[PDB]
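Participant: Here's a structure for you.
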Amino acid sequence: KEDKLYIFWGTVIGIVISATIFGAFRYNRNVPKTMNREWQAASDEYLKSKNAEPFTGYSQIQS
Amino acid sequence: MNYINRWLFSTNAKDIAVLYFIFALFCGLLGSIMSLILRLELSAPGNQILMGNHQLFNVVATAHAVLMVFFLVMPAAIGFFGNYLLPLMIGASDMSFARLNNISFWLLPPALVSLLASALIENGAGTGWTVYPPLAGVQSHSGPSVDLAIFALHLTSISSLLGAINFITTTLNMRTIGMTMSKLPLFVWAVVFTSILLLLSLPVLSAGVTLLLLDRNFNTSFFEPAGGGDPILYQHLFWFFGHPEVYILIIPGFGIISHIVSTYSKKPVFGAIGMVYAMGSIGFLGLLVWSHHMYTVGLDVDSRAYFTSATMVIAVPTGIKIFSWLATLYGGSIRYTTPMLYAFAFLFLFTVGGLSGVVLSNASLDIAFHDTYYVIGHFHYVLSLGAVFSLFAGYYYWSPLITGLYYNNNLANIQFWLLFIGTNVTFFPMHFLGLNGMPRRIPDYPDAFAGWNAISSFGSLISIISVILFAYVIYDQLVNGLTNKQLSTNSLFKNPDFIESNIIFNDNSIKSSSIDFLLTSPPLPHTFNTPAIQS
Amino acid sequence: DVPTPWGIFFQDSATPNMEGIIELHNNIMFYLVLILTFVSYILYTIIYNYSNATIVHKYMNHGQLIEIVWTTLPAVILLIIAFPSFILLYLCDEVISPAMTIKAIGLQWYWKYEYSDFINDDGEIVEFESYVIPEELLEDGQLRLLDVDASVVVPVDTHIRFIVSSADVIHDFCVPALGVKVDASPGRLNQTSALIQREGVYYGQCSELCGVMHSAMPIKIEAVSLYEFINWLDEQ
Amino acid sequence: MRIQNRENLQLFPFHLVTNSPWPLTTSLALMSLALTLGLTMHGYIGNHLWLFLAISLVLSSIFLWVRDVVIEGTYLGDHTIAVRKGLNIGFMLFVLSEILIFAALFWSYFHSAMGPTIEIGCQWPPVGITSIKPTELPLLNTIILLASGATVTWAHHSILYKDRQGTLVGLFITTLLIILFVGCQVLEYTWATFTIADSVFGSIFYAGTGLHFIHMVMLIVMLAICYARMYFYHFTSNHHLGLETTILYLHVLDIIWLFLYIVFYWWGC
Amino acid sequence: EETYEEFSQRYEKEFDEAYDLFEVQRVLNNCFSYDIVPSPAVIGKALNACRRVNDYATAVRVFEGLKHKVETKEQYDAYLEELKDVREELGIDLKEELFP
Amino acid sequence: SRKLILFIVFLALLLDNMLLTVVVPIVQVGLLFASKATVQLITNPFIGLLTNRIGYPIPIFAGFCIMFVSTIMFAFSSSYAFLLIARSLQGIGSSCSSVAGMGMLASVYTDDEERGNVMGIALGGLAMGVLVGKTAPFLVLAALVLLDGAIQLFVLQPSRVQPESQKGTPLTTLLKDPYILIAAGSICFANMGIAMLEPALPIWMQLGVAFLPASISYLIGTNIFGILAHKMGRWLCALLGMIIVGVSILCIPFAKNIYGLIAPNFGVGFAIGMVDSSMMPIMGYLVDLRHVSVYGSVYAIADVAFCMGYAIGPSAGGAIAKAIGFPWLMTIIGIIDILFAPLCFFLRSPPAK
Amino acid sequence: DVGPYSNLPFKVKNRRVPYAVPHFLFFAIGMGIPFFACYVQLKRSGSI
Amino acid sequence: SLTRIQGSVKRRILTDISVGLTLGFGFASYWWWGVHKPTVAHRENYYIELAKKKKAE
Ligand code: HEA
Ligand code: HEA
Ligand code: CUA
Ligand SMILES: [Cu+2]
């Protein structure tokens, strides 16, 4: 009974470290000019005038 | 001088397997760091780590393909488990051609040097793993990089051919007194059936690579369409090697799983003759299909219909093996030790990665999936989760017998769960990126493919931590490993039964179906003086 | 059409061939889901019932009826899968009268389009080259690494035959919505056929590796009406 | 096993090789050959006397293996009935692998002969390339090979009837009946009208009949070491495995030449 | 291919010829490894076989395996109301009466 | 299109020799072994007249269905009379399939140079059945290929009865010609020796390794000499083939061991392959030169000459082996095969009409 | 001398430098070479 | 009576195959009648509205 707790709390502290490493490579990114909300709202008007994705959905907004 | 005549000038077959293991560990570390370099660039849109260089992205992908198709999986599955276990299972002292075993080892460190020197003298060799003719000419790659990379696929070919002839010649006339070739264990049959494909596939690859070399440097024009040749010929002469190759990587895994399923579930394997016939059928039907990698090149309409028919037939023998493994695990008692965890995680993920192969077999459906990340997600569920899992299970099964030193159970379980979680996070959104339409071999992508690329960059950092924990497991095995056999009862090879008392069990401890687990555990240098007897 | 950010499934169709592809994939997924659920239920039963058990049935090792049932039952599934696959392979192609031909030659890192008809007596064939718009010169709202300076403009409800070749290395023409994926190898011509049912814009990317600028080579197809196509062809 | 003094001799009929250094040296020679051939073909070295040292060291490494193969069989005396069967199975599985290299080269011929491209105006042997007439020197080579296949049967049937002069003469005649093949085929490569670079036709004709040239230098060497080892009394009337491997290697090359003469030299249209 | 009335004769013959504790536990181990449960006559022979070799724990562990082989609880109590004069003559106590 | 017909004919010949030869793993024995060949010999000329009436594709799939139901009746048959009936229906199905398939390859491929190559590929199925585990993968591969054939022939385009536009010459008019008979005799006397060698080989002397080199050499011989027979002349290939069959047949009595039979067996099989792929296209050439072009009855005659050896072989071979013995039987068949070879020169240029 | 530390090419116990340094340097080189290759080919092509 | 038990595992096998297939067919008949057919219906009703607008014009 005192070994399954050890395996569980060994896997949790293996997932927490990788999240903190990946977060450090996430603040320091090269963000291009197209990834902004005021640029992905201008693309929706062009995709609305020339009718695109009629059945499902079109939305280029992901902030 | 005794160091030289025993670890450099060697004859013993079991002492080359440990050198194969030490080489395979290094060549599986290098490619994994190269894969971490790729996955840290394919994270968010833009040009992040490699500043603007689209060379040194294709070079990294090529060198990550070669170092783990040719330098990790084959040396582990042929050198460490084939050279060591096959003489002990069939009951022979050593191999039939021992000096050929020594040359088959020592051809590989000169093959590593040329591949590492194919990425420093020039721009590099960014041709992909499949070195296609009209890109790898003297108009895009003009330098000593492709030439030194196709000389690393000759030495490995010579080593594999010389090992396969040794494996076939040994099992024919070097058996014990009472073994016919119908009482052999299943691992010996796996090694035999991969050694026949190694004979029947490698001359075509050697011919195609040599003709590519003659086209590059002696202006011969086999595959140049300004003199009367076709590039498509090379594709034929590549893929006739290519599809036997990907069964060579997976057939030695299967037999290993059988032993674990036969051991920790205390039942014999359901239908062994059906299993060896199924492996024979899989080995034979891997040579009559090669053109399903080429459906978009412009073939006939009556030739696609043959290769859709001959590809879906291979599902029938593999299902026999899967359902026989289920029938073996059905009735018996199951104790969950660290080989059986990897065994249970292989019967589910090989099925998931293999059911995607039926979707790609159709020529009508391959128009939507060719050169797309669906293919990558298909073959990573089978290569990383089918072969590497079998390798880890084989290591955790046979390492106390070979080495004599035990390991901590808890850290091995933490390693297994970290591999499981990180690898299932990494390769599953590749199916979604493939279905939406992301092509292969691109550093930069449109902004719509961003979000899933943020998630598949997170599991790789989980898997590298599992590799580092595996390194610490090996270190804890080597130091203080004599005192790691009373912590847990995983060290016992088989458990006491219901009626079998403990006092009776300590007198008669090992019950087996092979010669392997009754030896003294360091295996002796000369392990059979008098011959073994089978009725 | 355009890719969507958190995509799970296919893009939307504008050609009968892509609808046949979608229908065949959704037919295969039925049997694959059935097989995966059967295997997963058997492992669940094995884990829940026969874990750390006192009784071992160590003599149930032969089987004779049950080995026929896992040999004939997958075969019937393969025949049922193989019927519509062959019908889709043979049936949906250019059986009757293509109405146009556009030659799409692939150079090193751009595309070259020739509309081979509409020939004058002197050889005044309409021709253009399509490049990629760089990130620095984009206007407000254009898609990065997919938007071009010249686009292939075709009518609706007209069979169009694409003949694809190359001049340098092996390329691959792709428009995902239209169901077109054919190679471009430097010494032979290849053909595909497309019929477009609704107006819009259709985007695509090259597939087979060609060198450093593999990620910047888009394909853009506009599907105008017939009057707009005639007015466009009298300007170029 | 119940013979009286049985402990003093080995209890299983298999050969335990002593420790030898030659696998490492072969690999170190192939390292030098691979890197020098990769480098001299693109600059970076200039002098062409390192490649020749690499080839010479490789060939001396194989010769130094075969010495220790001979001494362990005619002097130490460790070749039982089982080890001979293993060596025969081994050699058969290299002859089979050396056949399948020619299969790929034959399939590289029929993929262009049947269905030629548009750049060559659709025609075998194409316009401007005069082929080699098969009623000249390619007849002489065929009849010399068929005679050499007949003379070694008089050499293997004279070592079984214990006639020494009659094994030496036949091997001598065969050794001079393979040198003439090489001498004729080096004269057919200096009196030709088309090179390795003149078509896909001149590129596959000098790549299927050039591997055969390298494979027939090996018979001259293997027959020299079979004449010289018979002159010095190493061959008995029932234990000779050097002759049996050279006979199986010659006949496969004769059958391969009879398929390099109907497909390459006669069939052109 | 083997029927109930041949199983329940062959295992009686095997139980009436064991000479050591290894053999009694060997025949007892592969008797509980079929689809047929042992008959009340076979188990009555197994306790005399355990009496000849003089072991006590094996005579208790036979009755514990019946609780796992038998499907329900009513059949287990139907086994224990017929193997009662065997128990109270030799002296075997069940596990749930010892509380070990 | 045109290649799927080649696939269908290859599978038809494969199933022909698989259901003929492979009966033991999957006097009464002389009559039971030859029950298939004689009923095929009788019902071969009827299908040649039937294909002119009802057309090519229907008898092929009728023969496949008849073969399937006859094999499944043979699967659980115990009495002798029902077993004889079952093998008779197996033979009559296998007689429809091969004749109609070879006629339809003759009909579609009109060019003379392509016909030899395609029939050289198609005749290679006569040795894969001799070579041929679980075999359920291969049966469903065959079922998938015939599903493709049925989809293209009967589903996408409608098919009526549709009798042929021209009326062919009758069977007796073909039998009055000397060239067709003397072409058929080459195949008959070439296959007679390899037909008689099989039952007498357990008498003289494991089993599969003796027959394996002929199956290895046959495919290589037919696939090479289908293409190259156009430039060399087919009569010369027939002459050299009969010569090599005779020499390799006389090579067998001097052999005194099982391992000494490997080298002549190659010299059998390759040679008989060069007999077949040379001479079976040229029959379809002769009707295009002298008669009206209907290819049914001529390939019926060719299948008659092929199956005469397997019909007459074991029953006469056992009697000769009991009477005189193996080496004189091999000597007389070898001298017959060598002596026939001079007169195949007559097919160099037949007179046109 | 057959025993549990006899079949390995490296010495583990009774050693001057402790085994942690040769165990760590092996993995350090193995995960440090393909960054050196990228550094060299980045610096040869202008970019930092 | 209650002291005669002959077959127990075979009934378990026949139940565990006849539930793993009903569950499989249940989890596959939601993919074809709740995910697939309404998408084809939506696709068709989009196309029986684009033609009527062009007919009006
Ligand atoms: C790792 C080894 C491996 C394995 C095991 C397989 C397995 C299979 N592969 Fe191969 N394949 C590769 C190696 C491998 N492949 C690689 C590396 C690629 C990428 C190509 C690259 O870019 O170079 C590839 C890609 C690939 C493609 C895509 C080619 C392209 O991009 O267009 C195809 C399609 O035909 C294919 C075929 C198959 C098939 C049908 C199987 C099948 O064997 C899968 C069989 C599995 C099962 C079917 C499970 C059985 C379960 C049952 C219970 C049976 C039930 C019965 C039914 C399903 C009817 N493979
Ligand atoms: C050999 C099989 C194999 C393996 C193991 C992997 C490992 C991984 N691969 Fe895959 N990958 C391929 C097959 C494989 N790959 C191939 C063939 C290509 C080339 C395709 C192309 O060129 O077109 C490729 C390329 C490739 C790319 C580049 C795609 C491209 O450029 O188009 C990517 C990127 O996401 C990727 C993903 C990953 C990841 C994250 C891992 C991670 O799993 C890496 C981490 C590794 C481990 C988790 C295992 C460590 C192993 C050991 C240390 C165990 C040693 C064993 C013993 C002790 C017995 N791979
Ligand atoms: Cu250009 Cu791809
Ligand atoms: Cu494949």
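Following the order of the structure tokens, chains are lettered A, B, ..., residues in each are numbered from 1, and ligands are numbered from 1.
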Could you list, as a VMD selection string, every residue within 10 Å of residue 87 (chain C), counting only C-alpha atoms and ignoring same-chain residues fewer than 5 positions away?

Facilitator: (chain B and resid 364) or (chain C and resid 20 82 92) or (chain F and resid 148 151 to 152 155 to 156)

Participant: Please produce an output containing N, CA, C and O atoms for each residue in the selection, written as a PDB file, in the first residue's frame.

Facilitator:
ATOM      1  N   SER B 364      -7.822   4.873 -53.214  1.00  0.00           N
ATOM      2  CA  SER B 364      -8.725   6.015 -53.235  1.00  0.00           C
ATOM      3  C   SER B 364      -8.528   6.910 -52.019  1.00  0.00           C
ATOM      4  O   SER B 364      -8.607   8.138 -52.138  1.00  0.00           O
TER       5      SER B 364
ATOM      6  N   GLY C  20     -16.821  10.993 -52.159  1.00  0.00           N
ATOM      7  CA  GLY C  20     -16.615   9.554 -52.150  1.00  0.00           C
ATOM      8  C   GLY C  20     -15.514   9.103 -51.215  1.00  0.00           C
ATOM      9  O   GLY C  20     -15.649   8.060 -50.561  1.00  0.00           O
ATOM     10  N   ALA C  82     -13.782  -4.083 -49.646  1.00  0.00           N
ATOM     11  CA  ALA C  82     -13.197  -4.049 -50.981  1.00  0.00           C
ATOM     12  C   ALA C  82     -14.205  -3.762 -52.086  1.00  0.00           C
ATOM     13  O   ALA C  82     -13.787  -3.412 -53.194  1.00  0.00           O
ATOM     14  N   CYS C  92     -15.431   6.992 -60.630  1.00  0.00           N
ATOM     15  CA  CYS C  92     -15.373   8.451 -60.616  1.00  0.00           C
ATOM     16  C   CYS C  92     -14.076   8.918 -61.267  1.00  0.00           C
ATOM     17  O   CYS C  92     -13.042   9.066 -60.613  1.00  0.00           O
TER      18      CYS C  92
ATOM     19  N   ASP F 148     -12.943  -7.838 -58.184  1.00  0.00           N
ATOM     20  CA  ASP F 148     -12.602  -6.743 -59.093  1.00  0.00           C
ATOM     21  C   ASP F 148     -12.971  -7.078 -60.536  1.00  0.00           C
ATOM     22  O   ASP F 148     -13.515  -6.230 -61.264  1.00  0.00           O
ATOM     23  N   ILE F 151     -16.774  -6.916 -60.927  1.00  0.00           N
ATOM     24  CA  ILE F 151     -17.228  -5.526 -60.915  1.00  0.00           C
ATOM     25  C   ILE F 151     -17.000  -4.877 -62.274  1.00  0.00           C
ATOM     26  O   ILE F 151     -17.891  -4.211 -62.819  1.00  0.00           O
ATOM     27  N   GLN F 152     -15.819  -5.089 -62.866  1.00  0.00           N
ATOM     28  CA  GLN F 152     -15.572  -4.445 -64.155  1.00  0.00           C
ATOM     29  C   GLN F 152     -16.344  -5.116 -65.292  1.00  0.00           C
ATOM     30  O   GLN F 152     -16.862  -4.421 -66.173  1.00  0.00           O
ATOM     31  N   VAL F 155     -20.853  -5.208 -63.794  1.00  0.00           N
ATOM     32  CA  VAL F 155     -21.546  -4.199 -63.003  1.00  0.00           C
ATOM     33  C   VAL F 155     -21.501  -2.829 -63.670  1.00  0.00           C
ATOM     34  O   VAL F 155     -22.536  -2.188 -63.859  1.00  0.00           O
ATOM     35  N   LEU F 156     -20.305  -2.361 -64.032  1.00  0.00           N
ATOM     36  CA  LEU F 156     -20.167  -1.005 -64.554  1.00  0.00           C
ATOM     37  C   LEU F 156     -20.712  -0.889 -65.973  1.00  0.00           C
ATOM     38  O   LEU F 156     -21.331   0.122 -66.322  1.00  0.00           O
TER      39      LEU F 156
END

Participant: Any residue with an atom at most 8 Å from ligand 4 counts, using only C-alpha atoms and all ligand atoms. Which are they? Put them as a list in words.

Facilitator: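 If we count only C-alpha atoms and all ligand atoms, the neighbours of ligand 4 turn out to be residues 239, 242, 243, 246, 289, 290, 291, 292 and 293 of chain B.
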
Participant: Could you please extract the residues within 9 Å of ligand 3, counting only C-alpha atoms and all ligand atoms, and hand them back as a PyMOL selection string?

Facilitator: chain C and resi 106-111+169-173+205-211+213-218

Participant: Give me, as a compact mmCIF listing (two decimals) with N, CA, C and O atoms, in the first residue's frame, all polymer residues having an atom no more than 12 Å from region 346-351 of chain F, counting only C-alpha atoms and skipping those fewer than 3 positions away in the same chain.

Facilitator:
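Listed below is the output, part-v4.txt:
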# COMPACT_ATOMS: atom_id res chain seq x y z
N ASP F 177 -5.72 -29.51 -90.79
CA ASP F 177 -4.48 -28.76 -91.00
C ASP F 177 -3.31 -29.49 -90.35
O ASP F 177 -3.47 -30.03 -89.25
N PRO F 178 -2.14 -29.54 -90.99
CA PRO F 178 -1.01 -30.25 -90.39
C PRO F 178 -0.27 -29.43 -89.33
O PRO F 178 0.26 -30.00 -88.37
N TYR F 179 -0.26 -28.11 -89.50
CA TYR F 179 0.55 -27.23 -88.67
C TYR F 179 0.06 -27.17 -87.23
O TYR F 179 0.88 -27.19 -86.31
N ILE F 180 -1.26 -27.09 -87.03
CA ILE F 180 -1.81 -27.00 -85.68
C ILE F 180 -1.58 -28.30 -84.91
O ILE F 180 -1.20 -28.28 -83.73
N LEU F 181 -1.75 -29.44 -85.59
CA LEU F 181 -1.49 -30.73 -84.97
C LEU F 181 -0.02 -30.90 -84.64
O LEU F 181 0.33 -31.44 -83.58
N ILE F 182 0.87 -30.44 -85.53
CA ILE F 182 2.27 -30.71 -85.29
C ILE F 182 2.82 -29.71 -84.27
O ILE F 182 3.83 -29.97 -83.60
N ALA F 183 2.13 -28.58 -84.10
CA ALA F 183 2.45 -27.67 -83.00
C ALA F 183 1.97 -28.23 -81.67
O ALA F 183 2.65 -28.08 -80.65
N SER F 186 4.25 -31.09 -80.07
CA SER F 186 5.44 -30.68 -79.33
C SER F 186 5.15 -30.52 -77.85
O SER F 186 5.91 -31.02 -77.01
N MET F 232 14.22 -14.37 -82.17
CA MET F 232 14.95 -15.60 -82.44
C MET F 232 14.19 -16.57 -83.33
O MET F 232 14.79 -17.54 -83.81
N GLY F 233 12.90 -16.36 -83.55
CA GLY F 233 12.10 -17.34 -84.26
C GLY F 233 11.62 -18.43 -83.34
O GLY F 233 12.41 -19.01 -82.58
N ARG F 234 10.32 -18.73 -83.39
CA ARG F 234 9.74 -19.63 -82.40
C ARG F 234 10.07 -21.10 -82.69
O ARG F 234 10.13 -21.91 -81.75
N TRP F 235 10.29 -21.44 -83.96
CA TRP F 235 10.65 -22.80 -84.34
C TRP F 235 12.00 -23.20 -83.77
O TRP F 235 12.19 -24.35 -83.34
N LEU F 236 12.96 -22.27 -83.77
CA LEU F 236 14.28 -22.55 -83.22
C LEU F 236 14.22 -22.77 -81.71
O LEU F 236 14.90 -23.66 -81.18
N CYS F 237 13.38 -21.98 -81.03
CA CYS F 237 13.19 -22.16 -79.59
C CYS F 237 12.54 -23.51 -79.29
O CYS F 237 12.92 -24.18 -78.32
N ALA F 238 11.58 -23.93 -80.12
CA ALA F 238 10.96 -25.24 -79.94
C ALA F 238 11.95 -26.38 -80.16
O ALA F 238 11.96 -27.36 -79.39
N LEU F 239 12.79 -26.26 -81.19
CA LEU F 239 13.80 -27.28 -81.49
C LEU F 239 14.81 -27.42 -80.36
O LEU F 239 15.09 -28.54 -79.89
N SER F 278 7.15 -20.47 -76.29
CA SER F 278 7.40 -20.32 -77.72
C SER F 278 6.21 -20.80 -78.55
O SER F 278 5.80 -20.13 -79.50
N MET F 279 5.61 -21.93 -78.18
CA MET F 279 4.72 -22.60 -79.12
C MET F 279 3.24 -22.32 -78.90
O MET F 279 2.44 -22.56 -79.81
N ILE F 282 2.06 -19.17 -81.07
CA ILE F 282 2.16 -19.29 -82.52
C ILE F 282 0.96 -20.02 -83.11
O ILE F 282 0.63 -19.78 -84.28
N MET F 283 0.26 -20.84 -82.32
CA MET F 283 -1.01 -21.42 -82.75
C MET F 283 -2.03 -20.33 -83.05
O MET F 283 -2.63 -20.31 -84.13
N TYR F 285 -1.21 -17.45 -83.89
CA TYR F 285 -0.73 -16.77 -85.08
C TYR F 285 -1.23 -17.45 -86.34
O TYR F 285 -1.63 -16.77 -87.30
N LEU F 286 -1.26 -18.79 -86.34
CA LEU F 286 -1.51 -19.55 -87.57
C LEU F 286 -2.92 -19.34 -88.08
O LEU F 286 -3.14 -19.22 -89.29
N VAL F 287 -3.88 -19.25 -87.16
CA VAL F 287 -5.27 -18.99 -87.52
C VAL F 287 -5.42 -17.59 -88.08
O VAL F 287 -6.26 -17.34 -88.96
N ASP F 288 -4.58 -16.65 -87.64
CA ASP F 288 -4.60 -15.32 -88.22
C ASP F 288 -3.96 -15.29 -89.60
O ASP F 288 -4.10 -14.29 -90.32
N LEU F 289 -3.26 -16.36 -89.99
CA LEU F 289 -2.62 -16.37 -91.30
C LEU F 289 -3.41 -17.19 -92.31
O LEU F 289 -3.46 -16.83 -93.49
N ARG F 290 -4.06 -18.27 -91.87
CA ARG F 290 -4.68 -19.21 -92.80
C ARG F 290 -6.19 -19.33 -92.67
O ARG F 290 -6.83 -19.83 -93.60
N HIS F 291 -6.79 -18.91 -91.55
CA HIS F 291 -8.20 -19.18 -91.29
C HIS F 291 -8.86 -17.89 -90.81
O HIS F 291 -8.31 -16.80 -90.95
N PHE F 340 11.90 -36.17 -82.22
CA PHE F 340 10.83 -35.29 -82.70
C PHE F 340 11.39 -33.92 -83.09
O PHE F 340 10.88 -33.28 -84.02
N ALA F 341 12.46 -33.48 -82.43
CA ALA F 341 13.01 -32.13 -82.59
C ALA F 341 13.51 -31.71 -83.99
O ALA F 341 13.50 -30.50 -84.25
N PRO F 342 13.99 -32.59 -84.89
CA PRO F 342 14.28 -32.12 -86.26
C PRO F 342 13.10 -31.55 -87.03
O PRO F 342 13.28 -30.61 -87.81
N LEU F 343 11.90 -32.08 -86.84
CA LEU F 343 10.80 -31.73 -87.73
C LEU F 343 10.04 -30.48 -87.30
O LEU F 343 9.09 -30.09 -87.98

Participant: When the cut-off is 8 Å and you count only C-alpha atoms and all ligand atoms, which residues lie near ligand 2, shown as a PyMOL selection string?

Facilitator: chain B and resi 21+24-26+28-29+31-33+35-36+38-39+42+57-58+61-62+64-69+72-73+76+128-130+373+376+379-380+383-384+388+391-392+394-395+419+423+426-427+440-443+456-457+459-460+463-464+466-467

Participant: I'd like the contact shell of region 18-21 of chain E - 12 Å cut-off, only C-alpha atoms, skipping same-chain residues fewer than 2 positions apart - returned as a ChimeraX atom specification.

Facilitator: /B:499-501,503-504 /E:11-16,23-29,45-46,48-59

Participant: Please identify every residue of chain F that has at least one atom no more than 7 Å from any atom of chain B, counting only C-alpha atoms, and report them as number ranges by chain.

Facilitator: F: 1, 3-4, 133, 137, 141, 144
